[PDB]
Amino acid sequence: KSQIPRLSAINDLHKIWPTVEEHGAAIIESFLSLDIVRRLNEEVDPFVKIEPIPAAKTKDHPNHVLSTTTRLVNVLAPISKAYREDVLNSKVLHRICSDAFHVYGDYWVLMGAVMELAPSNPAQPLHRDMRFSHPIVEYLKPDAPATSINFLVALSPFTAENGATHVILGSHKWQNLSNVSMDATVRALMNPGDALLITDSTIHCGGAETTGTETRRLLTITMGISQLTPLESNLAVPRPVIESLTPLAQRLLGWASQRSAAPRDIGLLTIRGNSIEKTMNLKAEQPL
């Protein structure tokens, strides 16, 4: 059976989205440089260690889906300089998203999260993303263009034995889900910095960690149209850190108004005909 298409971020940039549109998945080799991976890991390290279980009884919005040993850290902008500067302004990411979401309009981050999977983590059941947060997406027409996509960026090696992601190629076009089986999957073997790109309709799952020793880490960036509400909020991110960002990064974090692709678009998150950034006089690229 056919393996997941592997593409260069440097040379095959224009081919990435068309490949995902056709096959439902693609591996972007060296999506992030090893330098960026190093700084990202270093910066988020302590936050994953202090992170409680997904469904901790202390939590207001517990995640009852993730395995108890998994640790997920989101709202990365205040944590990571590498995230807020390098990945939020990624030329590759923005070309792909604009290719993907041009029919709808502006896009933003629905969630940027670092996930660390513990040794012996079981495989996730095969699934499509967004079904625990956006019931609306299930009511979209079969041939509706994807309203969100997910960059699954390896922050440590993804191998068959340590639970590399499974995908079913072509499953993003499936309506009948009777052929859903692990038999139909292929793996996303990836070095740190490589990214598996899927859509919200791609049937997939995290793999089983079978060594009992290896800890697998990833950065999952769900990019979606600005008409859909993010899973995470940046409302509590201090103004100085927000004002250190680029205007593009500010928009991605919901600290700007947004536009649809409607010919006479009237906009989203506006204030009496004016933008958030104009109204609040929000500065950009201010060193903190």
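Residue numbers here begin at 1 and follow the sequence given.
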So which stretch wins on mean C-alpha B-factor, 147-155 or 160-168? 160-168
Higher-B stretch (mean Cα B-factor, as the entry records it), 39-47 or 215-223: 39-47
Largest Cα B-factor, entry values, listed residues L269, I10, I266, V20: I10
Which one of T210, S133, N74, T202 shows the biggest C-alpha B-factor in the PDB entry? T210
Should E232 be placed in the lowest, middle or highest third of its chain by the C-alpha B factor in the entry? lowest
Third assignment of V114 from its chain's C-alpha B-factors: lowest
What third of the chain does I79 rank in for C-alpha temperature factor, lowest, middle or highest? highest
For the chain shown, is the CA B-factor of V92 in the lowest, middle or highest third of its modelled residues? middle
Would the CA B-factor of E85 place it in the lowest, middle or highest third of its chain? highest
